[PDB]
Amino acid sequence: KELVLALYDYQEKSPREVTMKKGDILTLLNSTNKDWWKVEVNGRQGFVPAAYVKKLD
């Protein structure tokens, strides 16, 4: 889907989550949830907080 810019670093804290670093360009897999968005970063998909990423449309 779209691409999102990681605005902060975020280390996963749950098994469905994924870790990212600030500046990371991630692929937006699912944005139906207002709080968690499923993204793809270096081979891993999973959720991160929606407020920590930004859409590049």
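One rule holds for the numbers: they count along the sequence shown, beginning at 1.
Novice: Considering only modelled residues of the same chain, in which third does the CA B-factor of residue 43 rank: lowest, middle or highest?
Specialist: Highest third.
Novice: In terms of the chain's CA B-factor thirds, is residue 56 lowest, middle or highest?
Specialist: It belongs to the highest third of the chain when residues are ordered by C-alpha B-factor.
Novice: Please rank the C-alpha B-factors of the chain's modelled residues and tell me whether residue 35 sits in the lowest, middle or highest third.
Specialist: Lowest third - that is where residue 35 ends up once the chain's C-alpha B-factors are sorted.
Novice: Rank-wise, by C-alpha B-factor, drop residue 23 into the lowest, middle or highest third of its chain.
Specialist: Middle third of the chain for residue 23's C-alpha B-factor.
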